[PDB]
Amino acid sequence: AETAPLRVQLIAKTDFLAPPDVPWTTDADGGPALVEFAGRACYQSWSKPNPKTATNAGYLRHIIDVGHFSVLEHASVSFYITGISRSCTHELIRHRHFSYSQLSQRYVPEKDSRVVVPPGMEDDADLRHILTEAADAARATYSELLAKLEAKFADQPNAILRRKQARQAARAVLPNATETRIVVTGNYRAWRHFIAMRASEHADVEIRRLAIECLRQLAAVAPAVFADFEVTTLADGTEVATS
């Protein structure tokens, strides 16, 4: 078995086009620009009237301070995440205010599928080897089942739909550690709650790792929106994020 490392790639974000017949500007671009525009539209306060918050960064900080998170919802970011385990995405997709598109084992052949090594095993050659040996055996069963199910279903003339009927049964044997790939789209508020929830000590370590990497890259895009999240290291080497 080959192993797959976590890669999170930002592929989409908000293009803000400010409306001309409104008399306002701000030190920000894109999603953070839009969020300010939306909170200000709420009071038609286009003149920067509380000079404390006359910066995008200061305005956004204030919204987070008062708990008016709905304005955060206007801006969105998409990621393409590879090297994520099946079991990890099984936890991820419980978060219902995201949109998702995911590699499907019903359509995509998995005989060369890679595995994602749990973080608890990353530093142990014996454990990793046990895992990959077990994954190799599962892929061989998957190919043995695929071929026999294809024979069994030979009288289905749509070859495509046959393949699928076979594949979806044969994937029965693939382990949780099998690598998946997924596009995840979330608005700032959806992202904040996901990080709050999955970057805590309580969360499984794989999804914690993902959450923290998301925070890292989201903080690059909307520094003010995510500034209250604090990346600490724990007694056991792993990272957590908290507000």
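Residue numbers here begin at 1 and follow the sequence given.
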| property | result |
| --- | --- |
| Entry-level comparison of average CA B-factors, 119-127 and 138-146, reporting the higher stretch | 119-127 |
| Mean temperature factor over C-alpha atoms, higher-scoring stretch between 51-59 and 32-40 | 51-59 |
| Per the PDB entry, maximal CA B factor within 179, 213, 27, 206 | 27 |
| Among 183, 196, 174, 64 - the residue whose C-alpha B-factor is largest in the record | 64 |
| CA B-factor placement of residue 187, once the chain's modelled residues are sorted into thirds | lowest |
| CA B-factor ranking of residue 165, expressed as a third of its chain | middle |
| Within-chain third of residue 78 by Cα B-factor, per the entry | lowest |
| CA B-factor ranking of residue 158, expressed as a third of its chain | highest |
